[PDB]
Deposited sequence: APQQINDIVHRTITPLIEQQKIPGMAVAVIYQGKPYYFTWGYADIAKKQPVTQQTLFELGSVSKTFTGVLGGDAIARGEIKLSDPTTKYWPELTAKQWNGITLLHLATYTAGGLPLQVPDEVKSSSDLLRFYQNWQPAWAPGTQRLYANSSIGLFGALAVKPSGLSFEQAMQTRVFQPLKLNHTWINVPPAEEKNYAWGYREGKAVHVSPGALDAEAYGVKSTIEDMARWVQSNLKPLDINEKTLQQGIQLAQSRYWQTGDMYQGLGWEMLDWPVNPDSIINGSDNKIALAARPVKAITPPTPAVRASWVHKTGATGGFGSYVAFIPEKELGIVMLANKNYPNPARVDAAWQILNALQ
């Protein structure tokens, strides 16, 4: 650990943990393509288990990046096309409002107002279909972005249909395995429960609860090591040997839509680098008009590529700059203000060139 990296990391994370009351936290910095790890506090306050490099943390929305990439991998294999209508992979979606809504709109939250979350009452597959048939668009497709688990989560589910595989099998087989993310899961196996940190909310230890389209929108758990590897694969896709997975990573970083200084990829979100920290940090249900990027701009190396995520008891953040071979991962078992995460991440990366 170069003292440089050591000092900026600690100078930054320490006051953060104290101000936010974060019980446990793991940080990885990818510098010149090499990971450096750091860890603080507790994975389980009660059983006094410290956070280590093997601790699993709930990723929350950062899970969408895996989905964007899995989806991009399905495109690469010629199994789906973002230009296909949604109904091509779910012919039972015969309600009229769906004509014109494409897999692209699903993956980028531009379908016309699909809700932030699938309602808790949706139990079964039959319940999911009904929910979608009855959903009433507030806007025409491709006009506004409204961040949503029901939007991407559906994209993920359909993206894997032609393969005959379930979303978990597809994810494990086409993404976790090739990239050697052997400690990343949608369902934490009994053998790895000893490392599953607890989340904390209002002082109580909690874990994410099951829900429809959970795997696809916020269901991944992973370690600081695998997340650092996940960042290295996204920084340098051209080292990935699996052809389709390589294009897939590239496709998830293509710029499909623009909102202010932000560009929407598949899961990942991007801004041109150099970037103002304020342009990312503090400037809900924020509907935002979007401009289509026709055709999409291929992955741009001079970008600040990122994704924020949370569950009831976890706060996570990932951000990297391809052009600089620079990256960072922040995993905490306490959801804390998103602006403090980006503020911390920028302070570290910008300090490393």
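Enquirer: Extract from the deposited sequence all ranges with no corresponding C-alpha coordinates, numbering residues from 1.
Expert: Hole in the chain trace, numbered from 1: 284-288.
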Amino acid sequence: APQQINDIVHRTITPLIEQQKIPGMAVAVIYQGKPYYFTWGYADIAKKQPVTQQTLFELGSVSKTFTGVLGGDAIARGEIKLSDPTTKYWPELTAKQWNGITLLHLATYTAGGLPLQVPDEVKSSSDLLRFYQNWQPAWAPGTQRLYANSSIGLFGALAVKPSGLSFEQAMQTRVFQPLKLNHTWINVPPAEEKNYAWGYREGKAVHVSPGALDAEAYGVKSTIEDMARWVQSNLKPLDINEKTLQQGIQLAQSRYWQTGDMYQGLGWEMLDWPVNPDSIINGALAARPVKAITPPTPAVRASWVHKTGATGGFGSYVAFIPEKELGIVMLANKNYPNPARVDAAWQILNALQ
From here on, numbers count along this sequence of modelled residues.
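In this text, rigid core is short for the largest set of C-alphas that superpose within 1.5 Å between two forms.
Enquirer: What stretch shows more C-alpha movement in 9 other deposited structures of this protein relative to this form, 32-40 or 285-293, after the core is superposed?
Expert: When 32-40 and 285-293 are compared in 9 other deposited structures of this protein, 285-293 lies farther out.
Enquirer: On average, are the C-alpha B-factors higher in 32-40 or in 291-299?
Expert: Averaged over C-alpha atoms, the B-factors run higher in 32-40.
Enquirer: Between 316-324 and 66-74, which has the higher average C-alpha B-factor in the PDB entry?
Expert: Looking at the record's C-alpha B-factors, the answer is 316-324.
Enquirer: Based on the PDB record, which member of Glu216, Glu269, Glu193, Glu225 exhibits the highest Cα temperature factor?
Expert: Each of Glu216, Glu269, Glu193, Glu225 was compared by C-alpha B-factor; the highest is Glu193.
Enquirer: Looking at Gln250, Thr184, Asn276, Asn149, which has the highest Cα B-factor in the entry?
Expert: Out of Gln250, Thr184, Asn276, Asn149, the record gives the largest C-alpha B-factor to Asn276.
Enquirer: Just say lowest, middle or highest third for the CA B-factor of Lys221 relative to the other modelled residues in its chain.
Expert: Answer is lowest: the recorded C-alpha B-factor places it there.
Enquirer: By the recorded C-alpha temperature factor, relative to the other modelled residues in its chain, which third is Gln172 in?
Expert: Highest third.
Enquirer: Tell me, lowest, middle or highest third: where does the Cα B factor of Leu238 rank within its chain?
Expert: Tercile = highest for this residue's CA B-factor.
Enquirer: Looking at the entry's B-factor column for C-alpha atoms only, identify whether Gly265 ranks in the lowest, middle or highest third of its chain.
Expert: CA B-factor rank for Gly265: lowest third.
Enquirer: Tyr132: which third of its chain by C-alpha temperature factor?
Expert: It belongs to the middle third of the chain when residues are ordered by C-alpha B-factor.
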